[PDB]
>>> print(open('upload_2.txt').read())   # compact mmCIF, N, CA and C atoms
# COMPACT_ATOMS: atom_id res chain seq x y z
N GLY P 886 0.81 -1.21 0.00
CA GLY P 886 0.00 0.00 0.00
C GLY P 886 0.84 1.26 0.00
N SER P 887 1.24 1.71 -1.19
CA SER P 887 2.06 2.90 -1.32
C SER P 887 1.73 3.65 -2.61
N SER P 888 1.28 4.89 -2.48
CA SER P 888 0.93 5.71 -3.63
C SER P 888 1.90 6.87 -3.79
N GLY P 889 2.31 7.13 -5.03
CA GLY P 889 3.24 8.21 -5.30
C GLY P 889 4.67 7.74 -5.42
N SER P 890 5.23 7.84 -6.62
CA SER P 890 6.60 7.41 -6.87
C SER P 890 7.03 7.77 -8.29
N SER P 891 7.99 8.69 -8.39
CA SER P 891 8.50 9.12 -9.69
C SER P 891 9.54 8.15 -10.22
N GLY P 892 9.08 7.11 -10.92
CA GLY P 892 9.99 6.13 -11.47
C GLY P 892 9.28 4.85 -11.89
N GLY P 893 9.76 3.72 -11.39
CA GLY P 893 9.15 2.44 -11.73
C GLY P 893 10.08 1.27 -11.49
N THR P 894 10.78 1.30 -10.35
CA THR P 894 11.71 0.23 -10.00
C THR P 894 11.05 -0.78 -9.07
N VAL P 895 10.99 -2.04 -9.52
CA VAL P 895 10.40 -3.10 -8.72
C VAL P 895 11.43 -4.16 -8.36
N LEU P 896 11.33 -4.68 -7.14
CA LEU P 896 12.26 -5.71 -6.67
C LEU P 896 11.74 -7.10 -6.99
N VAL P 897 12.65 -7.98 -7.42
CA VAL P 897 12.28 -9.35 -7.76
C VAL P 897 13.33 -10.34 -7.25
N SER P 898 12.88 -11.32 -6.48
CA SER P 898 13.78 -12.33 -5.92
C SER P 898 13.29 -13.73 -6.26
N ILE P 899 14.22 -14.68 -6.28
CA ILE P 899 13.88 -16.07 -6.59
C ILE P 899 14.25 -16.99 -5.44
N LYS P 900 13.31 -17.85 -5.05
CA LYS P 900 13.54 -18.80 -3.96
C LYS P 900 14.35 -20.00 -4.44
N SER P 901 15.52 -20.19 -3.84
CA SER P 901 16.39 -21.30 -4.21
C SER P 901 16.91 -22.02 -2.97
N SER P 902 17.70 -23.07 -3.18
CA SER P 902 18.26 -23.84 -2.08
C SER P 902 19.72 -23.46 -1.83
N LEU P 903 20.50 -23.42 -2.90
CA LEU P 903 21.91 -23.07 -2.80
C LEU P 903 22.10 -21.56 -2.86
N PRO P 904 23.18 -21.07 -2.22
CA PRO P 904 23.50 -19.64 -2.18
C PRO P 904 24.11 -19.15 -3.48
N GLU P 905 24.57 -20.09 -4.31
CA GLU P 905 25.18 -19.75 -5.59
C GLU P 905 24.16 -19.88 -6.72
N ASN P 906 22.90 -20.03 -6.36
CA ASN P 906 21.83 -20.16 -7.35
C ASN P 906 20.95 -18.92 -7.37
N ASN P 907 20.97 -18.17 -6.28
CA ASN P 907 20.17 -16.95 -6.17
C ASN P 907 20.36 -16.07 -7.40
N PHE P 908 21.48 -16.26 -8.09
CA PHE P 908 21.78 -15.48 -9.29
C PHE P 908 20.81 -15.83 -10.42
N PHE P 909 20.35 -14.80 -11.13
CA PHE P 909 19.42 -14.99 -12.23
C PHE P 909 20.17 -15.33 -13.52
N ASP P 910 19.70 -16.36 -14.21
CA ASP P 910 20.32 -16.79 -15.46
C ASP P 910 19.58 -16.22 -16.66
N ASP P 911 20.03 -16.59 -17.86
CA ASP P 911 19.40 -16.11 -19.09
C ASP P 911 17.95 -16.56 -19.17
N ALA P 912 17.68 -17.77 -18.68
CA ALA P 912 16.33 -18.32 -18.70
C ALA P 912 15.41 -17.55 -17.76
N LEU P 913 15.79 -17.49 -16.49
CA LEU P 913 15.00 -16.78 -15.49
C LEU P 913 14.64 -15.38 -15.97
N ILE P 914 15.63 -14.67 -16.49
CA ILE P 914 15.42 -13.31 -16.99
C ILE P 914 14.59 -13.32 -18.27
N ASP P 915 15.16 -13.89 -19.33
CA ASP P 915 14.47 -13.96 -20.61
C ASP P 915 12.98 -14.26 -20.42
N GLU P 916 12.69 -15.33 -19.68
CA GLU P 916 11.31 -15.72 -19.42
C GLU P 916 10.55 -14.60 -18.73
N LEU P 917 11.12 -14.07 -17.65
CA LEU P 917 10.49 -12.99 -16.90
C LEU P 917 10.04 -11.87 -17.84
N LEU P 918 10.97 -11.36 -18.63
CA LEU P 918 10.66 -10.29 -19.58
C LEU P 918 9.26 -10.44 -20.14
N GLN P 919 9.00 -11.58 -20.78
CA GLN P 919 7.70 -11.85 -21.37
C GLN P 919 6.59 -11.71 -20.33
N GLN P 920 6.77 -12.37 -19.19
CA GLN P 920 5.78 -12.32 -18.12
C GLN P 920 5.43 -10.88 -17.77
N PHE P 921 6.45 -10.02 -17.73
CA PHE P 921 6.25 -8.61 -17.41
C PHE P 921 5.54 -7.89 -18.55
N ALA P 922 5.79 -8.34 -19.77
CA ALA P 922 5.17 -7.73 -20.95
C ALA P 922 3.65 -7.80 -20.86
N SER P 923 3.14 -8.92 -20.36
CA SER P 923 1.70 -9.10 -20.23
C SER P 923 1.04 -7.86 -19.65
N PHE P 924 1.81 -7.08 -18.90
CA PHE P 924 1.31 -5.86 -18.28
C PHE P 924 2.10 -4.65 -18.75
N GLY P 925 3.38 -4.62 -18.40
CA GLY P 925 4.23 -3.51 -18.79
C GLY P 925 5.42 -3.95 -19.63
N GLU P 926 5.81 -3.11 -20.58
CA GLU P 926 6.94 -3.42 -21.45
C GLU P 926 8.26 -3.00 -20.81
N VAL P 927 8.94 -3.95 -20.17
CA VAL P 927 10.21 -3.68 -19.51
C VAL P 927 11.13 -2.86 -20.41
N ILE P 928 11.92 -1.98 -19.81
CA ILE P 928 12.84 -1.14 -20.55
C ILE P 928 14.26 -1.26 -20.01
N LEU P 929 14.38 -1.27 -18.68
CA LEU P 929 15.68 -1.38 -18.04
C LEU P 929 15.64 -2.41 -16.91
N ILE P 930 16.75 -3.12 -16.71
CA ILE P 930 16.84 -4.12 -15.67
C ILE P 930 18.14 -3.99 -14.88
N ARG P 931 18.02 -3.85 -13.56
CA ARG P 931 19.18 -3.71 -12.70
C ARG P 931 19.30 -4.89 -11.75
N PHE P 932 20.45 -5.56 -11.78
CA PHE P 932 20.69 -6.71 -10.93
C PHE P 932 21.32 -6.29 -9.60
N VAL P 933 20.66 -6.63 -8.50
CA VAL P 933 21.15 -6.29 -7.17
C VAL P 933 22.04 -7.39 -6.62
N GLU P 934 22.91 -7.02 -5.68
CA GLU P 934 23.82 -7.98 -5.06
C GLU P 934 23.16 -9.35 -4.94
N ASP P 935 21.98 -9.38 -4.34
CA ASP P 935 21.24 -10.63 -4.16
C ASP P 935 19.84 -10.53 -4.76
N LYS P 936 19.33 -9.31 -4.85
CA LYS P 936 18.00 -9.07 -5.41
C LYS P 936 18.09 -8.68 -6.88
N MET P 937 16.93 -8.58 -7.53
CA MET P 937 16.88 -8.22 -8.94
C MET P 937 15.82 -7.15 -9.18
N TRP P 938 16.26 -5.94 -9.51
CA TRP P 938 15.34 -4.84 -9.76
C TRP P 938 14.98 -4.76 -11.24
N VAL P 939 13.76 -4.30 -11.53
CA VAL P 939 13.29 -4.18 -12.90
C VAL P 939 12.55 -2.87 -13.11
N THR P 940 12.99 -2.10 -14.10
CA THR P 940 12.36 -0.82 -14.41
C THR P 940 11.30 -0.97 -15.48
N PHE P 941 10.28 -0.11 -15.44
CA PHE P 941 9.20 -0.15 -16.41
C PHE P 941 8.97 1.22 -17.03
N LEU P 942 8.35 1.24 -18.20
CA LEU P 942 8.07 2.49 -18.90
C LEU P 942 7.61 3.57 -17.93
N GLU P 943 6.59 3.25 -17.14
CA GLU P 943 6.06 4.19 -16.16
C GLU P 943 5.83 3.51 -14.82
N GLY P 944 5.58 4.31 -13.78
CA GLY P 944 5.35 3.77 -12.46
C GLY P 944 4.09 2.94 -12.39
N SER P 945 3.00 3.47 -12.93
CA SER P 945 1.72 2.77 -12.91
C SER P 945 1.88 1.34 -13.43
N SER P 946 2.63 1.19 -14.51
CA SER P 946 2.86 -0.12 -15.11
C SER P 946 3.46 -1.08 -14.09
N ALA P 947 4.33 -0.56 -13.23
CA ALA P 947 4.97 -1.37 -12.20
C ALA P 947 3.98 -1.79 -11.13
N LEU P 948 2.81 -1.16 -11.13
CA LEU P 948 1.77 -1.47 -10.16
C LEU P 948 0.89 -2.62 -10.65
N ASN P 949 0.83 -2.79 -11.97
CA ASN P 949 0.03 -3.85 -12.57
C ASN P 949 0.78 -5.17 -12.57
N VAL P 950 2.09 -5.10 -12.81
CA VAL P 950 2.93 -6.29 -12.84
C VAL P 950 2.92 -7.00 -11.49
N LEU P 951 2.52 -6.27 -10.45
CA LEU P 951 2.47 -6.83 -9.10
C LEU P 951 1.66 -8.12 -9.08
N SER P 952 0.86 -8.33 -10.12
CA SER P 952 0.03 -9.53 -10.21
C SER P 952 0.90 -10.79 -10.25
N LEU P 953 2.20 -10.60 -10.47
CA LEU P 953 3.13 -11.71 -10.53
C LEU P 953 3.83 -11.92 -9.19
N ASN P 954 3.30 -11.27 -8.15
CA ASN P 954 3.87 -11.39 -6.81
C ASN P 954 3.71 -12.81 -6.28
N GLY P 955 4.82 -13.54 -6.22
CA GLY P 955 4.78 -14.90 -5.72
C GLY P 955 4.77 -15.93 -6.84
N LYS P 956 4.25 -15.53 -8.00
CA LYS P 956 4.18 -16.42 -9.15
C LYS P 956 5.45 -17.26 -9.27
N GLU P 957 5.28 -18.57 -9.40
CA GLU P 957 6.41 -19.48 -9.52
C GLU P 957 6.74 -19.74 -10.99
N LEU P 958 8.02 -19.59 -11.33
CA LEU P 958 8.47 -19.81 -12.70
C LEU P 958 9.77 -20.61 -12.73
N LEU P 959 9.92 -21.44 -13.75
CA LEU P 959 11.11 -22.27 -13.89
C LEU P 959 11.49 -22.92 -12.57
N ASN P 960 10.52 -23.59 -11.95
CA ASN P 960 10.75 -24.26 -10.67
C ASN P 960 11.43 -23.33 -9.68
N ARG P 961 11.13 -22.04 -9.79
CA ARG P 961 11.71 -21.04 -8.91
C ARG P 961 10.67 -20.01 -8.49
N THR P 962 10.31 -20.02 -7.21
CA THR P 962 9.32 -19.09 -6.68
C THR P 962 9.84 -17.66 -6.72
N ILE P 963 9.17 -16.82 -7.50
CA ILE P 963 9.56 -15.42 -7.63
C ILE P 963 8.72 -14.53 -6.72
N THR P 964 9.37 -13.58 -6.06
CA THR P 964 8.69 -12.66 -5.15
C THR P 964 8.91 -11.21 -5.57
N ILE P 965 7.86 -10.57 -6.06
CA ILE P 965 7.94 -9.18 -6.49
C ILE P 965 7.52 -8.23 -5.37
N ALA P 966 8.19 -7.09 -5.29
CA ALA P 966 7.88 -6.10 -4.27
C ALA P 966 8.36 -4.71 -4.69
N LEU P 967 7.49 -3.72 -4.53
CA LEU P 967 7.82 -2.35 -4.89
C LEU P 967 8.91 -1.79 -3.98
N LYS P 968 9.61 -0.77 -4.47
CA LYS P 968 10.68 -0.14 -3.70
C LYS P 968 10.13 0.97 -2.81
N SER P 969 9.77 0.62 -1.58
CA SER P 969 9.23 1.58 -0.63
C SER P 969 10.24 2.70 -0.36
N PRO P 970 9.73 3.93 -0.19
CA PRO P 970 10.57 5.10 0.08
C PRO P 970 11.02 5.16 1.53
N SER P 971 12.33 5.04 1.75
CA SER P 971 12.89 5.09 3.09
C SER P 971 12.55 6.40 3.78
N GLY P 972 12.66 7.50 3.04
CA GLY P 972 12.36 8.80 3.60
C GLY P 972 10.99 9.31 3.19
N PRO P 973 10.33 10.06 4.09
CA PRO P 973 9.00 10.61 3.83
C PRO P 973 8.90 11.26 2.46
N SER P 974 7.68 11.33 1.93
CA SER P 974 7.44 11.91 0.62
C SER P 974 7.47 13.44 0.69
N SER P 975 6.81 13.99 1.71
CA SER P 975 6.75 15.43 1.89
C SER P 975 8.14 16.00 2.16
N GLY P 976 8.27 17.32 2.04
CA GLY P 976 9.55 17.96 2.28
C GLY P 976 9.40 19.40 2.73
>>> encode(input="upload_2.txt", output="structure tokens")
Amino acid sequence: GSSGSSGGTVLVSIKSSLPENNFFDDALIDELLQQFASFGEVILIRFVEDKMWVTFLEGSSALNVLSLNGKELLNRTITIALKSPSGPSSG
């Protein structure tokens, strides 16, 4: 539950067993792209130390893709989550 955000960066993680598997491969990504297309047309993708961020054309689009929150793909449970603002919105 968060409204207001100038951007469109969403966090995406995959549930695995080994610590050297948390890394996203060509399949996990390639496949994801399409899945995200169903709602928003991905434009930029940023890989985090352990997490995986994904940018979208607009912020709203990143709100629709949330429908993939938890969706399991390639025998790998994916968990999507918006990037909550650490600091207050007002100024």
>>> select_by_dssp(input="upload_2.txt", residues="chain P", states="helix (DSSP H, G or I)", output="ChimeraX atom specification")
/P:911-922,944-953
>>> residues_near_point(input="upload_2.txt", point="(22.8, -12.1, -4.7)", cutoff="10 Å", atoms="only C-alpha atoms", output="tab-separated table (two decimals) with N, CA and C atoms, in the coordinates of the input")
chain	number	residue	atom	x	y	z
P	898	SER	N	12.88	-11.32	-6.48
P	898	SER	CA	13.78	-12.33	-5.92
P	898	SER	C	13.29	-13.73	-6.26
P	899	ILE	N	14.22	-14.68	-6.28
P	899	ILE	CA	13.88	-16.07	-6.59
P	899	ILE	C	14.25	-16.99	-5.44
P	904	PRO	N	23.18	-21.07	-2.22
P	904	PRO	CA	23.50	-19.64	-2.18
P	904	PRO	C	24.11	-19.15	-3.48
P	905	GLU	N	24.57	-20.09	-4.31
P	905	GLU	CA	25.18	-19.75	-5.59
P	905	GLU	C	24.16	-19.88	-6.72
P	906	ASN	N	22.90	-20.03	-6.36
P	906	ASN	CA	21.83	-20.16	-7.35
P	906	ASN	C	20.95	-18.92	-7.37
P	907	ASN	N	20.97	-18.17	-6.28
P	907	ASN	CA	20.17	-16.95	-6.17
P	907	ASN	C	20.36	-16.07	-7.40
P	908	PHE	N	21.48	-16.26	-8.09
P	908	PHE	CA	21.78	-15.48	-9.29
P	908	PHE	C	20.81	-15.83	-10.42
P	909	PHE	N	20.35	-14.80	-11.13
P	909	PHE	CA	19.42	-14.99	-12.23
P	909	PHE	C	20.17	-15.33	-13.52
P	932	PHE	N	20.45	-5.56	-11.78
P	932	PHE	CA	20.69	-6.71	-10.93
P	932	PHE	C	21.32	-6.29	-9.60
P	933	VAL	N	20.66	-6.63	-8.50
P	933	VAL	CA	21.15	-6.29	-7.17
P	933	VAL	C	22.04	-7.39	-6.62
P	934	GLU	N	22.91	-7.02	-5.68
P	934	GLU	CA	23.82	-7.98	-5.06
P	934	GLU	C	23.16	-9.35	-4.94
P	935	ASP	N	21.98	-9.38	-4.34
P	935	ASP	CA	21.24	-10.63	-4.16
P	935	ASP	C	19.84	-10.53	-4.76
P	936	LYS	N	19.33	-9.31	-4.85
P	936	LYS	CA	18.00	-9.07	-5.41
P	936	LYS	C	18.09	-8.68	-6.88
P	937	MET	N	16.93	-8.58	-7.53
P	937	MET	CA	16.88	-8.22	-8.94
P	937	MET	C	15.82	-7.15	-9.18
>>> residues_around(input="upload_2.txt", residues="region 943-945 of chain P", least_positions_apart="6", cutoff="7 Å", atoms="only N, CA and C atoms", output="list in words")
residues 890, 891, 892, 893 and 894 of chain P
>>> write_last_selection(input="upload_2.txt", atoms="N, CA and C atoms", output="PDB file, in the coordinates of the input")
ATOM      1  N   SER P 890       5.230   7.840  -6.620  1.00  0.00           N
ATOM      2  CA  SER P 890       6.600   7.410  -6.870  1.00  0.00           C
ATOM      3  C   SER P 890       7.030   7.770  -8.290  1.00  0.00           C
ATOM      4  N   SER P 891       7.990   8.690  -8.390  1.00  0.00           N
ATOM      5  CA  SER P 891       8.500   9.120  -9.690  1.00  0.00           C
ATOM      6  C   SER P 891       9.540   8.150 -10.220  1.00  0.00           C
ATOM      7  N   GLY P 892       9.080   7.110 -10.920  1.00  0.00           N
ATOM      8  CA  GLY P 892       9.990   6.130 -11.470  1.00  0.00           C
ATOM      9  C   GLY P 892       9.280   4.850 -11.890  1.00  0.00           C
ATOM     10  N   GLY P 893       9.760   3.720 -11.390  1.00  0.00           N
ATOM     11  CA  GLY P 893       9.150   2.440 -11.730  1.00  0.00           C
ATOM     12  C   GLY P 893      10.080   1.270 -11.490  1.00  0.00           C
ATOM     13  N   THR P 894      10.780   1.300 -10.350  1.00  0.00           N
ATOM     14  CA  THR P 894      11.710   0.230 -10.000  1.00  0.00           C
ATOM     15  C   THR P 894      11.050  -0.780  -9.070  1.00  0.00           C
TER      16      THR P 894
END
>>> atom_distance(input="upload_2.txt", atom1="CA of residue 950 (chain P)", atom2="atom C of residue 973 (chain P)")
24.0 Å
>>> atom_distance(input="upload_2.txt", atom1="CA of residue 886 (chain P)", atom2="CA of residue 917 (chain P)")
23.8 Å
>>> atom_distance(input="upload_2.txt", atom1="atom C of residue 942 (chain P)", atom2="atom C of residue 976 (chain P)")
26.1 Å
>>> residues_around(input="upload_2.txt", residues="residue 962 (chain P)", least_positions_apart="3", cutoff="6.5 Å", atoms="all atoms listed in the file", output="list in words")
residues 898, 899, 900, 901, 955, 956, 957, 958 and 959 of chain P
>>> select_by_dssp(input="upload_2.txt", residues="chain P", states="strand (DSSP E)", output="VMD selection string")
chain P and resid 894 to 899 927 to 932 937 to 941 957 to 958 961 to 967
>>> closest_residue(input="upload_2.txt", among="P:902, P:887, P:967, P:974", to="residue 947 (chain P)", atoms="all atoms listed in the file")
P:967
>>> residues_near_point(input="upload_2.txt", point="(16.9, -0.9, -19.9)", cutoff="10 Å", atoms="only C-alpha atoms", output="list in words")
residues 927, 928, 929, 930, 931, 939, 940, 941 and 942 of chain P
>>> closest_residue(input="upload_2.txt", among="P:953, P:896, P:918, P:912", to="residue 968 (chain P)", atoms="only C-alpha atoms")
P:896
>>> closest_residue(input="upload_2.txt", among="P:938, P:913, P:903, P:946", to="residue 926 (chain P)", atoms="only N, CA and C atoms")
P:946
>>> closest_residue(input="upload_2.txt", among="P:949, P:895, P:889, P:911", to="residue 923 (chain P)", atoms="all atoms listed in the file")
P:949
>>> decode(input="upload_2.txt", residues="chain P", atoms="C-alpha atoms", output="PDB file, in the first residue's frame")
ATOM      1  CA  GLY P 886       0.000   0.000   0.000  1.00  0.00           C
ATOM      2  CA  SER P 887       2.055   2.905  -1.320  1.00  0.00           C
ATOM      3  CA  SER P 888       0.931   5.709  -3.632  1.00  0.00           C
ATOM      4  CA  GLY P 889       3.238   8.214  -5.299  1.00  0.00           C
ATOM      5  CA  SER P 890       6.599   7.413  -6.871  1.00  0.00           C
ATOM      6  CA  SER P 891       8.496   9.122  -9.691  1.00  0.00           C
ATOM      7  CA  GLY P 892       9.991   6.125 -11.468  1.00  0.00           C
ATOM      8  CA  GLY P 893       9.151   2.445 -11.733  1.00  0.00           C
ATOM      9  CA  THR P 894      11.707   0.232 -10.003  1.00  0.00           C
ATOM     10  CA  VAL P 895      10.396  -3.102  -8.725  1.00  0.00           C
ATOM     11  CA  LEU P 896      12.255  -5.706  -6.668  1.00  0.00           C
ATOM     12  CA  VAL P 897      12.284  -9.350  -7.757  1.00  0.00           C
ATOM     13  CA  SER P 898      13.779 -12.328  -5.923  1.00  0.00           C
ATOM     14  CA  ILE P 899      13.881 -16.070  -6.591  1.00  0.00           C
ATOM     15  CA  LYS P 900      13.542 -18.795  -3.959  1.00  0.00           C
ATOM     16  CA  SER P 901      16.394 -21.300  -4.210  1.00  0.00           C
ATOM     17  CA  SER P 902      18.259 -23.841  -2.080  1.00  0.00           C
ATOM     18  CA  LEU P 903      21.912 -23.069  -2.804  1.00  0.00           C
ATOM     19  CA  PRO P 904      23.497 -19.642  -2.178  1.00  0.00           C
ATOM     20  CA  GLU P 905      25.177 -19.752  -5.590  1.00  0.00           C
ATOM     21  CA  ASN P 906      21.830 -20.164  -7.351  1.00  0.00           C
ATOM     22  CA  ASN P 907      20.172 -16.950  -6.171  1.00  0.00           C
ATOM     23  CA  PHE P 908      21.780 -15.481  -9.289  1.00  0.00           C
ATOM     24  CA  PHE P 909      19.422 -14.994 -12.233  1.00  0.00           C
ATOM     25  CA  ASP P 910      20.324 -16.791 -15.462  1.00  0.00           C
ATOM     26  CA  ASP P 911      19.403 -16.109 -19.089  1.00  0.00           C
ATOM     27  CA  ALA P 912      16.333 -18.320 -18.703  1.00  0.00           C
ATOM     28  CA  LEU P 913      14.997 -16.781 -15.491  1.00  0.00           C
ATOM     29  CA  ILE P 914      15.422 -13.312 -16.989  1.00  0.00           C
ATOM     30  CA  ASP P 915      14.468 -13.961 -20.613  1.00  0.00           C
ATOM     31  CA  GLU P 916      11.314 -15.721 -19.420  1.00  0.00           C
ATOM     32  CA  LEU P 917      10.489 -12.990 -16.903  1.00  0.00           C
ATOM     33  CA  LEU P 918      10.665 -10.290 -19.577  1.00  0.00           C
ATOM     34  CA  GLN P 919       7.695 -11.849 -21.369  1.00  0.00           C
ATOM     35  CA  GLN P 920       5.783 -12.321 -18.116  1.00  0.00           C
ATOM     36  CA  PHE P 921       6.251  -8.613 -17.409  1.00  0.00           C
ATOM     37  CA  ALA P 922       5.174  -7.735 -20.949  1.00  0.00           C
ATOM     38  CA  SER P 923       1.701  -9.105 -20.227  1.00  0.00           C
ATOM     39  CA  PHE P 924       1.306  -5.862 -18.279  1.00  0.00           C
ATOM     40  CA  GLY P 925       4.232  -3.506 -18.793  1.00  0.00           C
ATOM     41  CA  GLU P 926       6.944  -3.425 -21.449  1.00  0.00           C
ATOM     42  CA  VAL P 927      10.209  -3.677 -19.514  1.00  0.00           C
ATOM     43  CA  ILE P 928      12.843  -1.140 -20.552  1.00  0.00           C
ATOM     44  CA  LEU P 929      15.684  -1.385 -18.036  1.00  0.00           C
ATOM     45  CA  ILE P 930      16.839  -4.124 -15.665  1.00  0.00           C
ATOM     46  CA  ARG P 931      19.180  -3.705 -12.697  1.00  0.00           C
ATOM     47  CA  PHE P 932      20.694  -6.712 -10.926  1.00  0.00           C
ATOM     48  CA  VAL P 933      21.150  -6.288  -7.174  1.00  0.00           C
ATOM     49  CA  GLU P 934      23.821  -7.981  -5.063  1.00  0.00           C
ATOM     50  CA  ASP P 935      21.242 -10.627  -4.161  1.00  0.00           C
ATOM     51  CA  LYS P 936      18.001  -9.074  -5.407  1.00  0.00           C
ATOM     52  CA  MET P 937      16.882  -8.215  -8.940  1.00  0.00           C
ATOM     53  CA  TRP P 938      15.342  -4.836  -9.764  1.00  0.00           C
ATOM     54  CA  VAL P 939      13.294  -4.183 -12.901  1.00  0.00           C
ATOM     55  CA  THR P 940      12.364  -0.816 -14.405  1.00  0.00           C
ATOM     56  CA  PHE P 941       9.200  -0.154 -16.410  1.00  0.00           C
ATOM     57  CA  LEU P 942       8.071   2.490 -18.901  1.00  0.00           C
ATOM     58  CA  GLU P 943       6.056   4.193 -16.162  1.00  0.00           C
ATOM     59  CA  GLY P 944       5.352   3.770 -12.459  1.00  0.00           C
ATOM     60  CA  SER P 945       1.719   2.769 -12.914  1.00  0.00           C
ATOM     61  CA  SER P 946       2.860  -0.123 -15.106  1.00  0.00           C
ATOM     62  CA  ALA P 947       4.974  -1.369 -12.202  1.00  0.00           C
ATOM     63  CA  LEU P 948       1.767  -1.474 -10.160  1.00  0.00           C
ATOM     64  CA  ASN P 949       0.025  -3.849 -12.567  1.00  0.00           C
ATOM     65  CA  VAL P 950       2.928  -6.292 -12.839  1.00  0.00           C
ATOM     66  CA  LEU P 951       2.469  -6.829  -9.102  1.00  0.00           C
ATOM     67  CA  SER P 952       0.033  -9.530 -10.212  1.00  0.00           C
ATOM     68  CA  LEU P 953       3.133 -11.711 -10.532  1.00  0.00           C
ATOM     69  CA  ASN P 954       3.869 -11.388  -6.815  1.00  0.00           C
ATOM     70  CA  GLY P 955       4.782 -14.903  -5.724  1.00  0.00           C
ATOM     71  CA  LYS P 956       4.179 -16.420  -9.152  1.00  0.00           C
ATOM     72  CA  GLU P 957       6.408 -19.479  -9.519  1.00  0.00           C
ATOM     73  CA  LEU P 958       8.471 -19.807 -12.699  1.00  0.00           C
ATOM     74  CA  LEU P 959      11.113 -22.270 -13.893  1.00  0.00           C
ATOM     75  CA  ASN P 960      10.749 -24.262 -10.674  1.00  0.00           C
ATOM     76  CA  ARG P 961      11.715 -21.036  -8.906  1.00  0.00           C
ATOM     77  CA  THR P 962       9.321 -19.092  -6.678  1.00  0.00           C
ATOM     78  CA  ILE P 963       9.558 -15.418  -7.627  1.00  0.00           C
ATOM     79  CA  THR P 964       8.689 -12.663  -5.154  1.00  0.00           C
ATOM     80  CA  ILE P 965       7.939  -9.183  -6.488  1.00  0.00           C
ATOM     81  CA  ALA P 966       7.881  -6.097  -4.265  1.00  0.00           C
ATOM     82  CA  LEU P 967       7.821  -2.345  -4.891  1.00  0.00           C
ATOM     83  CA  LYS P 968      10.683  -0.144  -3.696  1.00  0.00           C
ATOM     84  CA  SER P 969       9.232   1.585  -0.634  1.00  0.00           C
ATOM     85  CA  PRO P 970      10.568   5.099   0.081  1.00  0.00           C
ATOM     86  CA  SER P 971      12.894   5.085   3.090  1.00  0.00           C
ATOM     87  CA  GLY P 972      12.357   8.803   3.603  1.00  0.00           C
ATOM     88  CA  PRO P 973       9.002  10.615   3.835  1.00  0.00           C
ATOM     89  CA  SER P 974       7.442  11.913   0.618  1.00  0.00           C
ATOM     90  CA  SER P 975       6.755  15.432   1.887  1.00  0.00           C
ATOM     91  CA  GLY P 976       9.550  17.963   2.278  1.00  0.00           C
TER      92      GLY P 976
END
